[PDB]
Amino acid sequence: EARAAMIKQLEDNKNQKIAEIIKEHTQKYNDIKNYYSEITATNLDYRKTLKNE
Amino acid sequence: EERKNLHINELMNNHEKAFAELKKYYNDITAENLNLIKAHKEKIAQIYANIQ
Amino acid sequence: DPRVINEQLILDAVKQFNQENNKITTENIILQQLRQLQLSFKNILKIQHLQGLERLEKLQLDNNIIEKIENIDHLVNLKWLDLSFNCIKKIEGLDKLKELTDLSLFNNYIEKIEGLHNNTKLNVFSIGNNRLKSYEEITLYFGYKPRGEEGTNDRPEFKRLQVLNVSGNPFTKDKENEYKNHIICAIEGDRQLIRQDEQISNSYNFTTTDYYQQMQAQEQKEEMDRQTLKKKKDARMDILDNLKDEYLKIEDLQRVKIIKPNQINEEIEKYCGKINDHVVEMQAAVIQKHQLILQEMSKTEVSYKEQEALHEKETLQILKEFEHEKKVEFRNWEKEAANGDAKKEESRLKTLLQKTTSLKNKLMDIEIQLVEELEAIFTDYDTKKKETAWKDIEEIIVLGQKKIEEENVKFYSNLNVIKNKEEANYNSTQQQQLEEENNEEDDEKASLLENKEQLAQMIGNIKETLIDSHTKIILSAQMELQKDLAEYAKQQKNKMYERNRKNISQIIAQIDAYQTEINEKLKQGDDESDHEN
Amino acid sequence: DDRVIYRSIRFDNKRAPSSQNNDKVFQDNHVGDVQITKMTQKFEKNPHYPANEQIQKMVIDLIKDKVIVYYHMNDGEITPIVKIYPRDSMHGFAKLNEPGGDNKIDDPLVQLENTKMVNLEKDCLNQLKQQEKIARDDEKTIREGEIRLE
């Protein structure tokens with residue numbers, strides 16, 4: 001019983017940390033994507049000057 | 001403990017690979033415009049001077 | 001900057017650990033009160049600032065860039081250590097981290113089980129997804145070595161190592177279950193399931209059951225050896241262990257050997273044999289008499305325990321009668337407060353206060369009687385042991401010295417006999433041979449044979465040094481045992497005084513408690529008649 | 001194992017089975033519904049734990065709204081551990097409506113000991129009830145089984 005409880009709580013901690021890692025990766029991915037989407041959108045829209053020029 | 005650390009590190013390696021992929025992808029698609037536009041404006045000035 | 005432990009970083013880590021565990025962050029969480037450390041995913045590279053954290057028993061520093069094991073070896077408390085899945089590449093610092101129980105260096109760059117020969121306490125080992133090439137490193141810790149290798153490890157190292165994982169290593173990915181089978185047969189039901197393997201089982205002959213019996217027999221023999229050595233040291237007799245070696249320290253005997261190395265060497269061998277023998281008998285006799293000392297100390301301590309427990313129960317029951325006496329006292333006092341006879345309430349409570357004074361006197365006298373009992377216990381034990389056991393040790397150590405010096409004497413006599421034979425032979429040869437290749441050994445022999453007094457002085461100084469060193473060692477052993485027995489007597493006296501002081505102070509405390517309870521009841525009775533106006 | 005080698009419960013037959021205090025109303029095989037007044041669990045002095053830290057004895061006087069816990073004595077001790085704890089709060093009944101009252105309940109230990117004594121009370125009462133049923137069933141079987149011979 002003690003071993004099962006200890007393994008259960010060990011897994012609880014390990015998988016909670018794994019979930020934290022996954023959530024961190026997902027949110028950082030979203031942030032990088034958004035910032036460089038801003039950059040790329042500016043870059044692309046900054047050519048209608050050329051085309052009207 | 002061993003097995004959970006194995007999975008944790010596999011997961012972080014996957015995350016790092018995905019992040020690096022996205023990094024090169026968006027840098028590559030970010031790296032184009034300003035200089036071409038500078039050249040366009042340079043030749044704009046050249047042209048209009050030729051007309052004057 | 002790679003994360004290196006500092007005071008502020010430690011403070012932050014403690015903050016976070018307490019936040020996670022719901023632990024009250026006692027503001028003065030001692031910088032040196034650390035047993036469990038966990039610094040994973042900080043990407044630490046080196047270990048530092050662990051002074052005061054030597055009490056660290058469960059260390060967690062895996063999943064980072066660390067590559068070296070350092071500044072944790074002085075943290076010998078580390079039993080459950082994980083430094084795995086990192087840039088680490090070697091096993092070290094655990095030699096003094098022998099207490100290591102659950103060692104993990106998984107997913108690292110280690111290629112050998114090194115430093116764990118001093119981690120033989122490690123029952124649990126993980127070296128997986130490292131860069132190893134063979135499992136035999138772990139089995140070497142079990143008295144198992146590959147055929148054709150000369151090694152001094154005939155005794156298992158990881159005798160208790162039953163947790164063994166190497167999964168994910170280069171060789172562990174190589175032709176699976178080979179290392180499992182061989183390690184298990186040389187070392188968790190997988191262990192027996194793998195012993196079920198037929199052919200790799202044939203690859204070993206020292207079975208796991210044989211390993212069990214070897215471990216059991218070795219434990220028993222080592223217990224016997226420890227007990228015997230403790231017996232001899234309690235006799236304070238092992239100091240004579242160098243008794244026959246005094247000729248080694250005596251240089252003159254080496255020169256004497258020149259006259260007759262063969263006869264003199266054999267005589268010195270016999271001298272060492274006799275010296276060691278007499279040493280053995282005399283030291284062993286002292287062993288037995290100090291064993292008597294130990295048993296009589298045990299009986300005297302048991303007498304201490306029994307007298308103290310008797311007085312324990314005496315005072316306990318006495319205070320129990322006082323307890324129920326005051327129980328009835330206070331029940332009646334309460335029912336009277338329901339009535340209002342504050343005057344007689346106060347009278348009986350002051351009577352109980354005088355009862356408390358009398359009980360203080362009686363229980364102090366009871367503890368005095370217990371102290372007297374135990375002090376007479378000490379006196380009688382000292383009389384019997386010192387006069388019987390200590391004396392007997394005196395006479396038998398003196399007898400050991402006597403036979404030791406006697407053996408010195410007859411060894412000296414035989415050396416002199418060899419000298420006389422050599423001198424006679426040389427003198428006979430001198431009158432019939434005046435030239436033989438000027439040998440150097442014979443030159444020194446003839447030098448002594450001319451300076452008879454030189455060789456005589458050499459052998460006399462041999463005897464002098466032998467007797468002097470033997471007497472010095474024997475007297476040192478006797479003084480050491482005297483100090484041991486006086487030390488035990490002082491220990492018992494200090495124990496008696498400590499129990500006396502604790503009982504005195506706590507009797508003071510309980511007397512104050514009873515007196516304060518009675519004062520509280522008296523004040524209740526007084527102020528119950530104070531509100532009746 | 002738990003070291004409570006003795007367990008007692010005082011009753012007040014004077015006290016009818018007051019519906020207000022069910023924990024004081026006990027499953028008595030003999031009297032039926034009567035109001036308990038006292039419980040007690042005597043915890044063996046474990047050599048593995050200190051005498052003064054192990055509860056030597058626990059005394060759940062339901063009426064006193066408190067318990068008296070004694071912690072085992074040590075060698076040379078003549079000062080007994082007579083600690084008295086108000087039961088009014090040990091069951092978490094400490095009402096936070098009181099503004100300004102120091103909330104050591106915030107620090108875990110207050111409610112920790114509160115719930116320790118809550119568990120002691122529940123264990124004592126339920127063990128008493130369960131042993132009452134044990135005796136009831138054993139005697140029922142004994143007095144319901146006919147006389148027979150080997």
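Residues numbered from 1 in each chain as written, not as in the entry; some residues may be left out. Chains lettered and ligands numbered in written order. Part of a larger assembly, values for the part shown. Heavy atoms only, no water.

### Things to note about the overall build of chain C
When its secondary structure is counted, chain C shows 12 helices and 6 strands. Projected onto its principal axes, the C-alpha positions of chain C cover 140 × 70 × 50 Å. Buried residues in chain C amount to 41% of all 533 residues. When the accessible area of chain C is evaluated, it comes to approximately 28,500 Å², of which 49% is carbon and sulfur surface. Both charge centroids of chain C, one from 80 positive and one from 103 negative side chains, sit 3 Å from each other. (Helix = DSSP H or I, 4+ residues; strand = E, 2+ residues; numbered from the N terminus. Buried < 20%, exposed > 50% of the residue type's maximum accessible area, 1.4 Å probe, protein only. Areas by Shrake-Rupley, 256 points an atom, 1.4 Å probe, with all protein chains shown as cover. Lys, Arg positive; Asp, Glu negative; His and termini not counted. Charge placed at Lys NZ, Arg CZ, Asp CG, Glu CD.)

### Here's the deal with the sheet that holds strand β5 (residues 124-126) of chain C
All names here are of chain C. Taken together, the 6 strands give an open sheet; going across it, the order is β1-β2-β3-β4-β5-β6, and neighbouring strands pair in parallel fashion. Unpaired on one side and paired on the other, β1 (36-38) and β6 (163-165) mark the two borders of the sheet. The mean angle between the axes of side-by-side strands here comes to 5 degrees, regardless of whether they run parallel or antiparallel. The pairing of β1 with strand β2 (residues 58-60) spans 3 bridges and is classified as parallel. Paired with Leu37 across the two strands is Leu59, which belongs to β2. (Pairing = 2+ DSSP bridges. Axes fitted to C-alpha atoms, helices over the stretch in contact; angles between N-to-C directions.)

### A short note on the packing of aromatic side chains
Within a pair of aromatic rings, the relevant descriptors are the distance that separates the centres and the angle that separates the planes. In total, this model carries 19 aromatic pairs over all chains according to the counting rule given. Residues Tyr25 of chain B and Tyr26 of chain B carry aromatic rings whose centres are separated by 4.9 Å and whose planes lie at 70 degrees to one another, so their mutual orientation is edge-to-face. You can call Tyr26 of chain B buried: its relative accessible area is 13%. In this structure an aromatic cluster arises from ring pairing among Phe125, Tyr141, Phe142, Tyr144, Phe158, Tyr204, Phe206 and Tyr211 of chain C. When the ring centre of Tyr71 of chain D is taken as origin, the NZ or CZ atom of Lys83 of chain D, which lies over that ring, is 3.5 Å away. (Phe/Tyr/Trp six-rings, centres within 6.5 Å; stacked < 30°, edge-to-face > 60°. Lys NZ or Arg CZ within 6 Å of the ring centre and 35° of its normal.)

### A look at the UniProt feature "coiled-coil region" (unreviewed entry) in chain C
All names here are of chain C. Taken from the UniProt record, the annotation "coiled-coil region" (unreviewed entry) applies to residues 335-362 and 419-458. Taken as a whole, residues 335-362 contains 86% helix and 0% strand, while its terminal C-alpha atoms sit 31 Å from one another. The span residues 419-458 shows a helical share of 75% and a strand share of 0%, and its end C-alpha atoms are spaced 11 Å apart. (UniProt positions renumbered as here; feature names shortened; annotations may be inferred.)

### Some details on the environment of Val124 of chain C
All names here are of chain C. Considering the arrangement of structural elements, one finds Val124 in strand β5. Between the C-alpha atom of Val124 and that of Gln36, which follows or precedes it by 88 residues, the distance is 18 Å. With residues near it in sequence (within four places) discarded, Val124 still touches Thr101, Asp102, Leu103, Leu161 and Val163. (Contact = heavy atoms within 4.5 Å.)

### Points about a nonpolar patch on the surface
All names here are of chain B. Together, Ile47, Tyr48 and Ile51 make up a nonpolar patch on the protein surface, roughly 350 Å² of accessible area in all. With respect to the helices and strands, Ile51 occurs in helix α2 (residues 34-51). Classification of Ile51 by relative accessible area gives exposed; the value is 76%. (Patch = residues over 30% accessible without salt bridge, like charges linked within 9 Å, V, L, I, M, F, W, Y side chains within 5 Å. Salt bridge = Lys/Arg side-chain N within 4 Å of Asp/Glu carboxyl O.)

### Let's talk about the packing of helix α11 (residues 440-450) of chain C against helix α12 (residues 452-528) of chain C
Residue and element names in this part refer to chain C. Where α11 meets α12, the axes come as close as 4 Å, and the angle between the chain directions of the two elements is 95 degrees. By the criterion of interaxial angle, the relationship of α11 to α12 is roughly perpendicular. Residue-level contacts link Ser447, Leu448, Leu449 and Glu450 of α11 to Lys452, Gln454 and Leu455 of α12. Of the residues in the contact of α11 with α12, the class split is 3 nonpolar, 2 polar and 2 charged. (Parallel < 35°, antiparallel > 145°, perpendicular 65-115°, else oblique. Nonpolar A, V, L, I, M, F, W, Y, C, P; charged D, E, K, R; others polar.)

### Thoughts on the arrangement of the chains
Summarising the chain contacts, 4 pairs of chains touch, and the pair with the most contacts is chains A and B. Taking C-alpha atoms as the reference, chain A and chain D come no closer than 16 Å and do not contact one another. The closest approach of any C-alpha atom in chain B to one in chain D is 30 Å; the two make no contact.

### Focus: the interface of chain B and chain C
At the junction of the two partners, chain B supplies 7 residues and chain C supplies 12 residues. Contact between chain B and chain C buries roughly 760 Å² in total, counting both sides, with carbon and sulfur atoms accounting for 49%. For chain B, the biggest contributors to the area lost against chain C are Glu1, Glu2 and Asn5 of chain B; these three give 56% of the whole. At the junction of chain B with chain C, the criterion picks out 0 salt bridges. For the pair chain B and chain C, the interface holds 7 residue pairs in polar contact. For the side of chain B that touches chain C, the class distribution of residues is 3 nonpolar, 2 polar and 2 charged. (Buried area = accessible area lost by both parts, 1.4 Å probe. Polar contact = N/O pair within 3.5 Å; in protein donor to acceptor, adjacent residues only side chain to side chain.)

### Focus on the nonpolar core
Residues and elements named next belong to chain C. Of all hydrophobic cores here, the largest spans 49 residues; its most connected members are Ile72, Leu116 and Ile138. The element that contributes the greatest number of residues to this core is helix α3 (residues 178-185), accounting for 3 residues. When residues no more than four places from it in sequence are discounted, the contact partners of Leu116 are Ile91, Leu94, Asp95, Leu100, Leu103, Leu122, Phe125, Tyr141 and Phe158. Of all hydrophobic cores here, the second largest spans 40 residues; its members include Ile393, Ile397, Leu455 and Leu466. (Core = buried A, V, L, I, M, F, W, Y, C linked by side-chain atoms within 4.5 Å.)

### Describing the packing of helix α10 (residues 342-430) of chain C against α12 of chain C
Residue and element names in this part refer to chain C. Two elements in contact, α10 and α12, have axes separated by 10 Å at closest approach and are oriented at 175 degrees. In terms of orientation, α10 lies roughly antiparallel with respect to α12. Of the residues in the contact of α10 with α12, the class split is 35 nonpolar, 15 polar and 17 charged.

### Some remarks on helix α1 (residues 2-30) of chain B
Over its 29 residues, α1 of chain B extends 42 Å from the first C-alpha to the last, a length consistent with the 42 Å expected when each residue adds 1.5 Å. In this structure, the buried side of α1 of chain B is in contact with α1 (2-45) of chain A together with β3 (80-82), β5 and β6 of chain C. (Expected span 1.5 Å × (residues − 1).)

### Quick word on the pattern of salt bridges
Residue and element names in this part refer to chain C. One pass over the full model with this rule turns up 34 salt bridges over all chains. Between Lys326 and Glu517 there is a salt bridge, with the nearest N and O atoms lying 2.2 Å from each other. With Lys326 in helix α9 (residues 261-337) and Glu517 in helix α12, this residue pair connects regions lying 191 residues apart in the sequence. For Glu517, a relative accessible area of 26% translates into the label partly exposed. Within this structure, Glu329, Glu336, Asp341, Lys344 and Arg348 form a network of salt bridges that share partners.

### Digging into the side chain of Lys274 of chain C
Within the fold, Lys274 of chain C resides in helix α9. Within the buried set, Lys274 of chain C has no salt-bridge partner at all; the shortest N-O distance to an opposite charge, 4.7 Å, is to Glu407 of chain C.

### What to know about the interface of chain A and chain B
Each partner contributes residues to the interface: chain A has 23 residues there, and chain B has 25 residues. A buried area of about 2,300 Å², summed over both sides, lies between chain A and chain B, and 69% of it is on carbon and sulfur atoms. When the buried area of chain A at its contact with chain B is split by residue, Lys14, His25 and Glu53 of chain A rank highest and sum to 23% of it. Where chain A packs against chain B, one counts 7 residue pairs in polar contact. With 18 residues, α1 of chain A is the largest single contributor of residues to the side of chain A that touches chain B.

### Details of the side chain of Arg348 of chain C
Residues and elements named next belong to chain C. By the element assignment, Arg348 lies in helix α10. By relative accessible area, which is 8% here, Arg348 ends up buried. In contact with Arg348, other than residues within four places in its own chain, are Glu329, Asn332, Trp333, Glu336 and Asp341.

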